[PDB]
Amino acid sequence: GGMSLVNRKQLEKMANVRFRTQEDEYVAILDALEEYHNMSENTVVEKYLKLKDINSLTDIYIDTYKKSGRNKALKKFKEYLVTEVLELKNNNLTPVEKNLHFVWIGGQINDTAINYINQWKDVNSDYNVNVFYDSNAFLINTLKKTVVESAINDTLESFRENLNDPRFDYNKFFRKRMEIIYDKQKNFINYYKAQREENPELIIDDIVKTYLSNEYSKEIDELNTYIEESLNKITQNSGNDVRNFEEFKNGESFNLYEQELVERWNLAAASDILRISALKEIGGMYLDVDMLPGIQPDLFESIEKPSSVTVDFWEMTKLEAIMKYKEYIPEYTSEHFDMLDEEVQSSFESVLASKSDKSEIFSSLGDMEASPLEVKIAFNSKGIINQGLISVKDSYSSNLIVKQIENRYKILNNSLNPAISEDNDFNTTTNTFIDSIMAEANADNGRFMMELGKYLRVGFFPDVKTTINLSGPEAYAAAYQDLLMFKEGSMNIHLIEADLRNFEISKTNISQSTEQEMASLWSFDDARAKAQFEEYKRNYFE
């Protein structure tokens, strides 16, 4: 597609100037560019790192000589470098280790998550399946459920005293609920820190159930049975304990993992940090437990798609039909399928009747190849999302994402830790936190900082998506930019869709329009917040 990179001869012709001294900085560039070409027995990582040297060399020439006439030629040389990265990425490939990585932490894996995972097992017999759990942390979801429920009723006690709606909308409800959740959550953190200063060998679940027994009179026998049932269930479903994943545990992002797991009860974020380190150290394809295998290309491409239905409507309808007539997943929704005409419905009933094996319904992954430089990512509505990742073991980008997540957590904790150290209510702690954010905010990180200031709200307030910017897809784009701009710790993303499309995965490798993907486990929108309000009102009145 592109154009071969310029030779040592081709660059002097390009960067030629008259009355020129051939500088030591300029020769350094030619010297490095010559070596790059006779490097035909080296791996792509060594090659990539040459290009990084070349670019860093080019940049010091321009910083030292700001009026030189070669600058305008060397900048165009730089653009050739970034093109060669894509040449590196596309030609010399490596087979991807046949590992499918899932992550379910914080509580018991439900049958929907297992049913979905089994669809990946049944059609990828050659694939080692790994379902990551954290044996010390089975009670985080129970703790969160108890504290949030407690906070819903405490919030509604301040609503019964008052009338229908003087100014008591769903907006005031989630604001007041947020203040009460932050007092309870801070109380648990304070208890968690005190117990690990007393004896730091205590596991997380041991501290959670004493806290639950002491504050909510929870029967510890029923919680040890939940733990034993959750450990039993995951160990029969390809479980891999995080605690026996030593490279993660000894890593620098484990303190970040436990921050979200224990302090924030954000398991989406904890899962964001763990997934990338599992690729860096084991390699393979990571998948979210709400993602299904890809449907076979020539299937249902006999039924004409009606004009009166969205494409995205059609993609959901497919899976619904499969499950309705082939029942591979029980309790799967049928609501989009049940909204078509009887004739187009029986069209689905005919085509599916004609198939016997699940190989004839879901594509298999098979032998997959990829570049040692790249981590491939899934695309959704013209945007990257880490709900599908393919990476070669110890890929250059995989390390770049980890450092990107680590860097963002450094900025956050820098501004957050001083504020939470002062033991004040939510509103005061927010205001102190934001004061610090604005001080460290410029035009390059402003938009990222804009999102950090909501960090305490994540998973308890409507329309808060800080996790995306901290541990999620933003850090993957900033990494891809780091790769393409021979940089470390990119913040201001200058890349567009077509740039990022370099790292997509075939839409035939994942079905993304699943039932469970429509319900986010860590985020909710305004509309779903308004619903919850009338739901809580009636659940309290009963």
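For every residue, the number given is its place in the sequence shown, counted from 1.
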Out of 411-419 and 297-305, which stretch has the higher average CA B-factor listed in the record?
297-305
Comparing 195-203 with 234-242, the one whose average Cα B-factor in the PDB entry is higher:
195-203
Choose from 451, 134, 258, 343 the residue with the greatest Cα B-factor as stated in the PDB record.
343
Between 111, 463, 161, 179, which one tops the list for C-alpha B-factor in the PDB entry?
161
Residue 149's Cα B-factor: lowest, middle or highest third of the chain?
lowest
Chain third (lowest, middle, highest) by recorded CA B-factor, residue given as residue 356
highest
Tell me, lowest, middle or highest third: where does the Cα B factor of residue 529 rank within its chain?
middle
Going by the CA temperature factor in the PDB record, which third of the chain does residue 497 belong to: lowest, middle or highest?
middle
Residue 221 by Cα B-factor - lowest, middle or highest third of the modelled chain
middle
